[PDB]
């Protein structure tokens, strides 16, 4: 590797955490969707 | 006696009355200054200087009436053979004390193991060292504005390109005004500003919408990392560095690097193995005036120069056109020489003692060193 | 490797570590140089009285008459026990004379000027991000449907696709705002979602911006750029001066260039080095050691040795002697303890210590990779054109 | 003044064509401006005192 | 060797082998600018 | 600098090596090996700034 420096960083899992938080956004959108929708 | 040097002393010729215009401090104190002798370039002058005031404090401890001669020559001295007599003669202030031409030893020269055998000196009035005059370059590095922080070829290339694809999905509209509103659509996309008319109904042309969108986000990126880079990095090479510095270590005509003529600094360059080509060359091109050193930096005549380091640190305040060198060389400091011995010998010893004890040195910083706006 | 000067005009001599040498009626001229001094301390511990001369023919040696053009021939001339100068280890030389392991290693090399970057567009993207984009489409249309249930211009999930997919790139599509309150909350999800996303874009651009791997040099004597001088539009001139030792290497290595290189062949190491300063040619092949030598000395930041300095035709330099000489095993041992000194660090000092530093950046505002982005763009465009006619079929 | 910060005010779009061109002026203007913001943040970020 | 009036009184010593002084040492910090810092207030003029 | 000072080898008042040991110090700084004092000691790995 070229790893002497760290240009190689491309956020995938580290970003996938917040993206997952978005997915849970969809989930809460489901729960509160049905609930408050009623 | 001593010689006018900014870190040492700042004294112009006195007034027409032979007086000093009263100037208080940044702390608002019209600090004491004195009369002096002066050269045409035997006349009177004024004594005004920080370390001069240090001497004033010295007499203020144990009383002696300060009589300040001027310095006939620039330097103190280095025992050096004449054209005959086989006698190494230190010619100058140091010589004058050897000549006994005056009483007190007044100068912020470094302790010279050279001059040591000639005569003793006192302990440091301050710490100091050696380094080479460092001159700043054009800071510059402001460029590209917004426009040039793009490729004009590529920038407008992709702009009119977005106009072209606008004509493309525009054909997607005419196939199966929306064309002019389409101009607002692609151009607005470039702005991403939401002109607001609407987006096409064609899912194909819509996906093309997502495409030009990606183009845009990438473009915002282009400006971003662009100006970032513009902001990023720094000048490639400042150089100097090691006392062995290759430019110095590489004798040639290109690099001009030197120091004062007949200098205690030059003494630091005097007896050594490595300095050979250096001390040779510089001696040929050497300049004799630390004034001509400051102006020389202003002149940017020589690729490099050297003088009393901590001095230059004071001079580092004198202008922004210059730079600070890396670190110390042959470090000594400032003090008062010892010609044989005097009551003033151990007296002045006590002087320095209370000096480091008291804060009048920090006052000198205020008088001198604390003035840095650098 | 070496240095010379005029003697001190006043004294007509040389001081400090400088040595004399005569030049012709041979008039003195200053003998200097670091590796010279390596011979100095060498003979010192060796206790062998040195004597200096000015080579009057060639550089090292040759045949071309079937005989050497240089100090090699001086060994054939046997005018000295051994002599100095960078010693090419060469089969000819190997045949010719006797030499031990070198004082310093060497090799074949060329030197480009520094580049006066086709990544970034997709580079940091971390393609699993695009996966999360397809997912964003999934849950997107999901909440579109399910949200519209209790909600049920409708702006169907194709429109909504243009909407949330609007946020996909920096929003910026004003049309068709669904008014669903809970739906608007979902819009908040994809919204701040897109906030952190566009952030990832930005700092990503910082990274690629902060990312510098330039490189992009020729392979070597195997370089395709060296394989076919006519292949690209311009020929890349790479080589050195005539009667070169490493050239004779290349003469064995690859002939086609040696022919083609004859066209752009130039005179002088430092002279053609200045030709590189003007870049009148592409680059200049030379002795690797000699190359890095050419590196340390530079006016500004300009040249770049071909590659990082990867070894090409490894070699060295030293003081050879004639076959079956007296100091042979001795002078060998001399070399041995010499490296044993560690002062070769001080050889860097006297010589090899460079100011060029090492490894690593101007502004790339041009297209290049960016034109690659535009490429992928218009590509997808025509893609939607063909699939669009396919929709006319649909 | 909507464009003054990153646009993001949906209401009240004036439909003037030439006016829309002016909107382009303040628009790409705001593009380079928000850029100045960004790279500025890089600088202070790169800035360590 | 602390150069000290007491010491000065007490004994004899020359210039030091190495300089010294009074000092304290914090640990490294485990801001205050950026918000307006680069803004170049003439920007607000524009 | 706060309360500048130094360190060394003192002796008693009116000693024999006094002017000598002084001169010793003088040539000692005259050696430049104090660089090698950084080496043996004062050369830091904390770097700077």
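Can you tell me what share of the DSSP beta bridges in the protein assembly as shown is antiparallel? A percent to the nearest 5 is fine.
Bridges in the protein assembly as shown that DSSP calls antiparallel: roughly 95 percent.
Show that you can apply the helix-only estimate: for chain C, add -39,500 (n - 2.57) for every DSSP H stretch of four or more residues, divide by all residues, and state [θ] at 222 nm to the nearest 500.
Result for chain C, helices only: -14000 deg cm²/dmol.
Take segment B:120-162, drop everything but the C-alpha atoms, weight them equally and run the Debye formula without solvent; then report log10 I(q)/I(0) at 0.18, 0.33 Å⁻¹ to two decimals.
Log10 I(q)/I(0), no solvent term: -0.76, -1.10.
Return the tail of the calculated pair distribution for segment C:90-235, meaning the percent of Cα-Cα pairs more than 20 Å apart.
68
Rg/Rh for segment C:260-344 to two decimals, with Rh computed the Kirkwood way over all alpha-carbon pairs.
1.10
If you build the Cα gyration tensor of segment B:156-257 and take the root of 5 times each eigenvalue, what three semi-axes come out, in whole angstrom, biggest first?
After scaling each eigenvalue by five and taking roots: 55, 12, 10 Å.
Among E:43, B:323, B:158, C:129, what is the fewest-to-most ranking by other Cβ atoms within 10 Å?
Taking fewest neighbouring Cβ atoms as first place, the list is E:43, B:323, C:129, B:158.
When B:186, B:152 are ordered from fewest to most other Cβ atoms inside 10 Å of their Cβ, what list results?
Numbers: B:186 24, B:152 11.
Least to most surrounded, the residues fall as B:152, B:186.
Give the separation of the Cα centroids, segment C:48-111 to segment B:270-293, in Å.
So the separation of the two Cα centres works out to 39 Å.
Roughly what percent of Cα-Cα pairs across segment B:294-374 reach past 14 Å?
73
Under a no-solvent Debye model with one identical scatterer per Cα of segment C:183-317, what's log10 I(q)/I(0) at q = 0.10, 0.14, 0.16, 0.18 Å⁻¹?
After summing over all Cα pairs, the log10 values are -0.46, -0.69, -0.85, -1.04.
Quick one: check the C-alpha center-to-center distance for segment B:319-340 versus segment C:118-149, whole angstrom.
Using only Cα atoms, the two centres lie 65 Å from each other.
Based on DSSP H runs of at least 4 residues, each adding -39500 (n - 2.57), what is the mean residue ellipticity at 222 nm of chain B after dividing by all its residues, to the nearest 500 deg cm²/dmol?
-12500 deg cm²/dmol, from helical runs alone.
Using only C-alpha atoms and all pairs of different ones, pull out the Kirkwood radius for segment B:182-314 in Å with one decimal.
About 20.2 Å, per the Kirkwood formula over Cα pairs.
Mean 1/r over all different Cα pairs, inverted: what Kirkwood radius does chain B give, in Å?
For chain B, inverting the mean 1/r across all distinct Cα pairs yields 25.8 Å.
I need the shape label for segment B:115-207. Rule: rounded when a/c is under 1.5, else prolate if a/b > b/c, else oblate, with a, b, c from the alpha carbon gyration tensor.
The shape class here is prolate.
If N is the number of residues in segment C:313-394, what value comes out of its Cα radius of gyration divided by 2.2 N^0.38 Å? Working shown, then result.
On the way: Rg = 32.1 Å, N = 82, 2.2 N^0.38 = 11.7 Å.
Normalised by 2.2 N^0.38 Å, the Cα Rg of segment C:313-394 equals 2.74.
Would you kindly give the portion of the calculated P(r) for segment C:1-69 that falls above 20 Å, as a percent of all Cα pairs?
Taking all Cα-Cα pairs of segment C:1-69, the fraction more than 20 Å apart is 40 percent.
Hey, what D do you get for segment B:47-88 in µm²/s if you plug the Kirkwood alpha-carbon radius into Stokes-Einstein at 10 °C and 1.306 mPa s?
120
So if I restrict to the alpha-carbon atoms in segment B:64-126, what is the Rg, and what is Dmax, the biggest pairwise distance, in Å?
For segment B:64-126, the Cα radius of gyration and maximum Cα-Cα distance read 12.4, 39 Å.
Along the principal axes of its C-alpha atoms, what lengths does the protein assembly as shown span, in descending order and rounded to whole Å?
Here the Cα extents, ordered largest to smallest, are 114, 90, 52 Å.
Which angle from 0 to 90°, rounded to the nearest 10, does the C-alpha axis of helix F:18-29 make with the longest principal axis of chain F?
That works out to roughly 20 degrees.
Please work out the Kirkwood hydrodynamic radius for chain C, using every pair of different C-alpha atoms, and report it in angstroms with one decimal place.
Values: mean 1/r = 0.0372 Å⁻¹.
It is 26.9 Å.
Taking neighbour counts of Cβ atoms within 10 Å as a proxy for exposure, in what order, fewest first, do C:28, C:360, D:20, C:47 appear? Intermediate results must be reported in sequence, preceding the final value.
Details: C:28 16, C:360 10, D:20 20, C:47 7.
Lowest to highest Cβ neighbour count: C:47, C:360, C:28, D:20.
Per q in 0.12, 0.17, 0.24 Å⁻¹, report the Debye log10 I(q)/I(0) for segment C:84-144, using one uniform scatterer on each alpha carbon and no solvent.
The calculated log intensity ratios at q = 0.12, 0.17, 0.24 Å⁻¹ are -0.61, -0.80, -1.04.
Each reported figure results from applying straightforward, stated rules to the coordinates on display, with no laboratory input. Cβ coordinates were reconstructed from backbone atoms using ideal geometry, including for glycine residues, and neighbour counts include every protein chain displayed.
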